[PDB]
């Protein structure tokens, strides 16, 4: 098993990405990593662990302010393009980048290519729940204009991932909607509900309301890329607001000074919702191989969990199973 990793994308790149790669190499014996980026810089951090790591030099990098299609086509020697090329030329089974989301989706689509029978890829992060089981939200902005058939394919891919990678035997697939009632939604959502109702290979549990997303309402929640993107950003801003209010309550002068016992829980609280990177990162479903967008602020542990998820996606043959299921 070979995974190509973009060493240059991300806020803490390249150090955090390299440190996560070293953690994955130490954890999984069968794993081979191709680290793509500035070779000499990458080698500077690799002085203690270099066993199953190959370093592939990339002269250029894609910056966050550049337009994705132009950057991917023009900068053939960027770390992201060379990383995707490793997968396309069959020198890697999966790839991971913490870089620009749009650039990675462009490179995945243009270079890695779609699974046969898959119309449009979907961006799918695993989000937290109160129980800690988590759930898959797909499509959070890979495809803004969606057809009902696209959403049906999203449900199938999310079900295969939830079964093979998360080990959920019969994943509950819900359709994000304005109500729990069967006939709710706009045209796209109602047409999708009717097709989902007739889709044999999934455990379709119906419409799910947004208010219940974090309450373990479903294992897979399906939506179009625009609504999903808006939903994910709403979740992020809500998490920041509540953390801010809690920090004010736990650090206020009006409260007991002894309740300073509580200062240390602030970090734990920030961890519980803000960082869902422990779940692995946003997968681009529908491509010929696993392509994973690691969060831009990924530290070494986040990179490690993205590696662990990509490894399971490869070993459990998710792409081939998706091809068969459609």
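Numbering follows the first chain given and starts at 1.
Engineer: Decide which of the stretches 303-311 and 7-15 has the higher mean C-alpha B-factor, going by the entry.
Structural biologist: The stretch with the larger mean CA B-factor is 7-15.
Engineer: Going by the B-factors listed in the PDB entry, is the mean over the C-alpha atoms higher for 65-73 or for 34-42?
Structural biologist: It is 65-73 that shows the higher mean C-alpha B-factor.
Engineer: From 216, 248, 86, 224, pick the one with the largest CA B-factor in the entry?
Structural biologist: By C-alpha B-factor in the record, 248 ranks first.
Engineer: Report the third (lowest, middle or highest) to which the CA temperature factor of residue 184 belongs, ranking only the modelled residues of the same chain.
Structural biologist: It falls in the top third of the chain.
Engineer: What third of its chain, lowest, middle or highest, does the C-alpha temperature factor of residue 204 fall into?
Structural biologist: Ranked within chain, residue 204 CA B lands in the middle tercile.
Engineer: What third of its chain's C-alpha B-factors does residue 229 belong to: lowest, middle or highest?
Structural biologist: Lowest third.
Engineer: Lowest, middle or highest third: where is residue 141 by C-alpha B factor in its chain?
Structural biologist: Its C-alpha B-factor belongs to the highest third of this chain's values.
Engineer: Divide the modelled residues of the chain into thirds by Cα B-factor and specify which third, lowest, middle or highest, holds residue 151.
Structural biologist: Tercile = middle for this residue's CA B-factor.
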